[PDB]
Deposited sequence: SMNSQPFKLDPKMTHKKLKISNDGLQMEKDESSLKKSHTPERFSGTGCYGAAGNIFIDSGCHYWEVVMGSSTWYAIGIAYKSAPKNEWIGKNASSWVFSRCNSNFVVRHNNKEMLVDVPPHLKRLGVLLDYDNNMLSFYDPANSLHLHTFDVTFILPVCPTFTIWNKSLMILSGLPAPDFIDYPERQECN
């Protein structure tokens, strides 16, 4: 795997978000406060995790540059996200959403971007569990996106594929 490490991009992060000095944590200081990773990916296979804790409302995924800044909740043709709203989990892309069954107490999300094999997959790593795979023939470079309403989020990047993947 090619898992390039990355940080949250201060140039692409909503002003209502405070980013840690090491670029791996964000918390709140349309209503959606988005941040983008500081890399674009156009090859290889990459895995990162997000620690969401008790956050009840978020959208995590990837986007083309053709997705406008802070529009990373799967409501255009350039944004793919896994999203939580209370007990309802969906994947969403181009305003089309599909319900995803998730075991209770999801605190950490795994994101597997297999760019070369045209897949974006979401995982519940605590349960070693695949949640959903988008089959996408990517036509532009993609960057990680993280959108929250409140509370906080930490990114675990540059990761080897977990043994169960």
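So which bits of the deposited chain never got modelled?
-> Residues lacking C-alpha coordinates: 1, 31-45, 182-190.
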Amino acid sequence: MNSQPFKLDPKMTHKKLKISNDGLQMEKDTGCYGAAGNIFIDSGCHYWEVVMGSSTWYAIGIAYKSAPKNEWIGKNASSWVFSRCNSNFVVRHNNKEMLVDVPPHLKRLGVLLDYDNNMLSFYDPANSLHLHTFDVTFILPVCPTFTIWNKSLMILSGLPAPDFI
From here on, numbers count along this sequence of modelled residues.
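Segment of higher mean CA temperature factor, 65-73 or 120-128 = Mean CA B-factor is higher for 65-73.
Got a sec? Mean C-alpha B-factor, which is higher, 141-149 or 14-22?
-> Taking the mean B-factor of the alpha carbons in each, 14-22 is higher.
Which of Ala59, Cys32, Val136, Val50 ranks first by CA B-factor in the deposited coordinates = Result of the comparison over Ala59, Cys32, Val136, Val50: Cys32.
Name the third of the chain's ranked CA B-factors that contains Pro104, choosing lowest, middle or highest.
-> According to the entry, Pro104 has a C-alpha B-factor in the chain's middle third.
Compared with the other modelled residues in the chain, in which third is the CA B-factor of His46?
-> It falls in the middle third of the chain.
Of the three thirds of its chain by CA temperature factor, lowest, middle or highest, which one includes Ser78?
-> For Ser78, whose C-alpha B-factor we compare with every modelled residue in the chain, the answer is the middle third.
Relative to the other modelled residues of the same chain, rank the CA B-factor of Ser87 and answer lowest, middle or highest third.
-> For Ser87, the deposited C-alpha B-factor lands in the highest third.
Rank-wise, by C-alpha B-factor, drop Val111 into the lowest, middle or highest third of its chain.
-> Lowest third.
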